[PDB]
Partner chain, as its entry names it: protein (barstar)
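Shown below, as C-alpha cells, is a lone chain in the form solved without the partner chain; questions about how it binds or moves come after it.
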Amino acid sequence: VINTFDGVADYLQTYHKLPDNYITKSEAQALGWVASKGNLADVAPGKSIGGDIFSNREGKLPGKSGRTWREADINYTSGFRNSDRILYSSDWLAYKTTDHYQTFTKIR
C-alpha cells in the first residue's frame, strides 16, 4: 500500500487521484466500519480512510476560488485512526498534519 506522506504526496501530483488503498468514510461505513470500535482493518483489510472533503472552516489552509481541500489518513495500518493526515488541494498543493488538523506545513 501507498500510505506515507511522500508516497501519497507524489502519487497525487502525477496521477491526480489517491492510490487504491483509500476509501471515503461513507464507503467504509457501508462496509461495516464502526469508528467507535476501530475495526476498519477487519472489514476493509489494507484500506485507509481518505478522499473526503475537508472543510477548512477555520481557514487554516490557504484558499482560492475553485479550490477544494481533501484529506487522507497517513501511516494507518489497523485499529483506531491516528492523527496523521495529508491535506491536498484541487490544484495539487499538499500539506501535512500530525496533530489532528491543528497545524499544517507544506510538503509539496
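Numbering follows the first chain given and starts at 1.
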Original post:
Of the two stretches 73 to 81 and 52 to 60, which shows the higher Cα B-factor on average in the entry?
Top reply: 52 to 60
Original post:
Do the C-alpha atoms of 62 to 70 or of 42 to 50 have the higher average B factor in the entry?
Top reply: 62 to 70
**OP:** Taking the values exactly as deposited, rank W92 by C-alpha B-factor within its chain and report the matching third: lowest, middle or highest.
**Re:** highest
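A second form of this protein, the form deposited with the partner chain bound, is not displayed here; the remarks below concern that form.
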Original post:
Is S83 close enough to touch the partner chain in the bound PDB entry, meaning at least one heavy atom pair within 4.5 Å?
Top reply: yes
Subject >> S36 within 4.5 Å of the partner chain in the bound PDB entry, heavy atoms >> reply: yes
Original post:
Is there a heavy atom of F54 no more than 4.5 Å from a heavy atom of the partner chain in the bound PDB entry?
Top reply: yes
Original post:
in the bound PDB entry, does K60 have a heavy atom within 4.5 Å of the partner chain?
Top reply: yes
